[PDB]
Structure formats: structure tokens, C-alpha cells
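Notes for the one structure printed next.
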Amino acid sequence: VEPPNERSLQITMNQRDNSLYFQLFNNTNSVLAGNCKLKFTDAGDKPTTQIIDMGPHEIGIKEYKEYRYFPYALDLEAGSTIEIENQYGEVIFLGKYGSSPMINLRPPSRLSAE
């Protein structure tokens with residue numbers, strides 16, 4: 001069974017008039033790093049080149065951030081996948097969108113498992 005103290009990362013989305021907002025909620029028990037970038041996508045089938053930057057600023061635990069991009073008058077759909085590419089350039093957390101704006105993320109690659 002998966003290891004304990006196994007937290008995750010949630011990210012909320014909110015599309016407005018030719019614009020899209022993405023909120024983060026470091027639910028981890030460690031801490032978030034900066035100089036990261038976001039690799040959000042409308043849905044996944046035929047998304048856009050929507051690419052946001054996390055800036056050099058980092059995020060802490062139980063923290064929170066709000067990134068706004070544009071233009072973007074699209075229509076979010078169930079599938080909107082996201083990816084947080086740290087300074088390294090390799091996504092660490094990813095998650096899709098659905099009914100709710102906020103959806104768990106988690107790494108696309110396993111970390112450890114007994």
C-alpha cells in the first residue's frame with residue numbers, strides 16, 4: 001500500500017472574459033519551489049498553447065497563489081490537464097479539470113512504493 005504522509009497538490013481554475021485564472025494550494029507537507037512554470041491546457045484533445053510562468057517566487061506549505069493569463073476566451077472542459085515544471089523543466093505535479101475548478105495534481109511519475 002502507498003506510503004503515509006502522502007499529500008498532494010490542488011489547483012483551481014476560473015475562466016473569465018478572455019482570460020483564465022489558476023490558483024494553487026500547496027497541500028503538501030514539505031514546501032513548493034519557485035522558478036517553476038505552468039503547463040495548463042484547455043482540455044487535452046485540441047487545447048491551446050496556454051503556458052504560464054510560476055515566476056522565481058516559490059510557494060510554501062498550505063500556501064496559495066493566483067496566476068492570471070490571457071488572452072483566453074475558450075471554454076474550460078473536463079480534461080484540462082495541468083503541469084508544474086519546476087526550474088528544472090520537468091513537471092512535478094499534474095492534474096485534470098472537471099466539475100470542480102480545483103482538482104488534485106500529484107506527480108505523473110511514481111516516487112516510492114514498497
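In the C-alpha cells, each chain is lettered A, B, ... as it comes, each chain's residues begin at 1, and ligands are numbered from 1 in order of appearance.
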Please list as an NGL selection string every residue within 12 Å of segment 2-8 of chain A, counting only C-alpha atoms and excluding residues in the same chain fewer than 3 positions away. :A and (11 or 24-32 or 61-62 or 92-95 or 103-108 or 110-114)
Using only C-alpha atoms, determine which residues lie at most 8 Å from residue 54 of chain A, disregarding the query and same-chain residues fewer than 6 positions distant; provide the list as a ChimeraX atom specification. /A:34-38,67
Name the residues of chain A that come out as strand (DSSP E) in a backbone DSSP run; write them as number ranges by chain. A: 9-16, 19-26, 37-38, 52-53, 65-69, 82-85, 91-95, 103-104
Hey, can you spit out that residue selection with N, CA and C atoms as an mmCIF file, in the first residue's frame?
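Full text of result09.cif as output:
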data_model
loop_
_atom_site.group_PDB
_atom_site.id
_atom_site.type_symbol
_atom_site.label_atom_id
_atom_site.label_comp_id
_atom_site.auth_asym_id
_atom_site.auth_seq_id
_atom_site.Cartn_x
_atom_site.Cartn_y
_atom_site.Cartn_z
ATOM 1 N N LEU A 9 -1.207 18.019 -4.430
ATOM 2 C CA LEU A 9 -1.246 19.425 -4.796
ATOM 3 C C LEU A 9 -2.522 19.703 -5.593
ATOM 4 N N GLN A 10 -3.283 20.674 -5.109
ATOM 5 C CA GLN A 10 -4.525 21.047 -5.764
ATOM 6 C C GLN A 10 -4.360 22.381 -6.496
ATOM 7 N N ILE A 11 -5.103 22.518 -7.584
ATOM 8 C CA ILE A 11 -5.048 23.733 -8.379
ATOM 9 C C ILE A 11 -6.450 24.062 -8.898
ATOM 10 N N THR A 12 -6.889 25.275 -8.593
ATOM 11 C CA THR A 12 -8.203 25.724 -9.019
ATOM 12 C C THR A 12 -8.094 26.548 -10.304
ATOM 13 N N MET A 13 -9.160 26.503 -11.090
ATOM 14 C CA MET A 13 -9.197 27.237 -12.343
ATOM 15 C C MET A 13 -10.489 28.047 -12.466
ATOM 16 N N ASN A 14 -10.367 29.204 -13.101
ATOM 17 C CA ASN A 14 -11.511 30.078 -13.290
ATOM 18 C C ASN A 14 -11.307 30.909 -14.559
ATOM 19 N N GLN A 15 -12.111 30.600 -15.566
ATOM 20 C CA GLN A 15 -12.029 31.308 -16.833
ATOM 21 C C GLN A 15 -13.007 32.485 -16.848
ATOM 22 N N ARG A 16 -12.516 33.613 -17.337
ATOM 23 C CA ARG A 16 -13.332 34.814 -17.412
ATOM 24 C C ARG A 16 -13.371 35.340 -18.848
ATOM 25 N N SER A 19 -9.786 35.415 -20.557
ATOM 26 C CA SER A 19 -8.797 35.291 -19.500
ATOM 27 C C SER A 19 -9.033 34.002 -18.711
ATOM 28 N N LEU A 20 -7.975 33.544 -18.058
ATOM 29 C CA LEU A 20 -8.053 32.328 -17.266
ATOM 30 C C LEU A 20 -7.203 32.491 -16.005
ATOM 31 N N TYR A 21 -7.768 32.054 -14.888
ATOM 32 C CA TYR A 21 -7.076 32.145 -13.614
ATOM 33 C C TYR A 21 -6.819 30.755 -13.028
ATOM 34 N N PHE A 22 -5.639 30.601 -12.447
ATOM 35 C CA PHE A 22 -5.259 29.333 -11.848
ATOM 36 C C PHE A 22 -4.693 29.539 -10.441
ATOM 37 N N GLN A 23 -5.402 28.988 -9.467
ATOM 38 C CA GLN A 23 -4.984 29.104 -8.080
ATOM 39 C C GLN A 23 -4.346 27.794 -7.608
ATOM 40 N N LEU A 24 -3.356 27.936 -6.739
ATOM 41 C CA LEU A 24 -2.658 26.778 -6.205
ATOM 42 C C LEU A 24 -2.858 26.724 -4.688
ATOM 43 N N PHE A 25 -2.786 25.512 -4.158
ATOM 44 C CA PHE A 25 -2.955 25.308 -2.729
ATOM 45 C C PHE A 25 -2.009 24.222 -2.213
ATOM 46 N N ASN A 26 -0.757 24.614 -2.027
ATOM 47 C CA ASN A 26 0.252 23.687 -1.540
ATOM 48 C C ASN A 26 -0.306 22.918 -0.342
ATOM 49 N N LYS A 37 7.076 26.682 -13.751
ATOM 50 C CA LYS A 37 6.184 27.127 -14.808
ATOM 51 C C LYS A 37 4.949 26.223 -14.840
ATOM 52 N N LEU A 38 3.877 26.760 -15.404
ATOM 53 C CA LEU A 38 2.632 26.016 -15.504
ATOM 54 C C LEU A 38 2.415 25.589 -16.957
ATOM 55 N N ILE A 52 1.799 29.373 -18.747
ATOM 56 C CA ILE A 52 2.014 30.406 -17.748
ATOM 57 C C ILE A 52 3.335 30.140 -17.023
ATOM 58 N N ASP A 53 3.808 31.165 -16.329
ATOM 59 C CA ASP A 53 5.055 31.055 -15.589
ATOM 60 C C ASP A 53 4.771 31.211 -14.094
ATOM 61 N N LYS A 65 -1.485 30.578 -4.264
ATOM 62 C CA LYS A 65 -1.077 31.518 -5.293
ATOM 63 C C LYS A 65 -2.194 31.646 -6.332
ATOM 64 N N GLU A 66 -2.160 32.754 -7.057
ATOM 65 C CA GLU A 66 -3.159 33.010 -8.081
ATOM 66 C C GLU A 66 -2.495 33.569 -9.341
ATOM 67 N N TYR A 67 -2.494 32.752 -10.383
ATOM 68 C CA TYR A 67 -1.899 33.151 -11.647
ATOM 69 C C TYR A 67 -2.976 33.471 -12.684
ATOM 70 N N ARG A 68 -2.801 34.607 -13.342
ATOM 71 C CA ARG A 68 -3.747 35.038 -14.358
ATOM 72 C C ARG A 68 -3.061 35.117 -15.723
ATOM 73 N N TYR A 69 -3.727 34.551 -16.718
ATOM 74 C CA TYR A 69 -3.195 34.550 -18.070
ATOM 75 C C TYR A 69 -4.199 35.153 -19.055
ATOM 76 N N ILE A 82 -2.999 19.949 -16.315
ATOM 77 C CA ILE A 82 -2.029 20.955 -15.916
ATOM 78 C C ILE A 82 -0.714 20.270 -15.541
ATOM 79 N N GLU A 83 0.347 21.063 -15.529
ATOM 80 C CA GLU A 83 1.663 20.548 -15.189
ATOM 81 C C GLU A 83 2.542 21.666 -14.625
ATOM 82 N N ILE A 84 3.200 21.357 -13.518
ATOM 83 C CA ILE A 84 4.074 22.322 -12.872
ATOM 84 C C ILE A 84 5.531 21.925 -13.110
ATOM 85 N N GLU A 85 6.147 22.601 -14.069
ATOM 86 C CA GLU A 85 7.534 22.330 -14.404
ATOM 87 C C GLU A 85 8.463 23.240 -13.597
ATOM 88 N N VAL A 91 7.948 18.619 -15.273
ATOM 89 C CA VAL A 91 6.722 18.706 -14.499
ATOM 90 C C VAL A 91 6.854 17.844 -13.242
ATOM 91 N N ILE A 92 6.319 18.363 -12.147
ATOM 92 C CA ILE A 92 6.370 17.654 -10.880
ATOM 93 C C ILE A 92 4.954 17.249 -10.468
ATOM 94 N N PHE A 93 4.005 18.107 -10.812
ATOM 95 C CA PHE A 93 2.612 17.853 -10.486
ATOM 96 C C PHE A 93 1.712 18.092 -11.701
ATOM 97 N N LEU A 94 0.724 17.221 -11.845
ATOM 98 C CA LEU A 94 -0.209 17.326 -12.954
ATOM 99 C C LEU A 94 -1.611 16.945 -12.473
ATOM 100 N N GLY A 95 -2.605 17.529 -13.125
ATOM 101 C CA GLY A 95 -3.990 17.261 -12.775
ATOM 102 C C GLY A 95 -4.936 17.735 -13.881
ATOM 103 N N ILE A 103 -8.744 20.565 -8.598
ATOM 104 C CA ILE A 103 -8.575 19.127 -8.725
ATOM 105 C C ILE A 103 -7.148 18.750 -8.322
ATOM 106 N N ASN A 104 -7.042 17.626 -7.628
ATOM 107 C CA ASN A 104 -5.746 17.145 -7.176
ATOM 108 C C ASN A 104 -4.767 17.152 -8.354
#
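Distances to residue 70 of chain A were evaluated for A:45, A:90, A:58, A:17 using only C-alpha atoms, and the minimum falls at A:17.
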Pick out the residues sitting within 10 Å of residue 76 of chain A, and hand them over as a PyMOL selection string; count only C-alpha atoms, and ignore anything fewer than 3 positions along from it in its own chain. chain A and resi 13-15+20+41-43+47+72-73+79-80+97-98+101
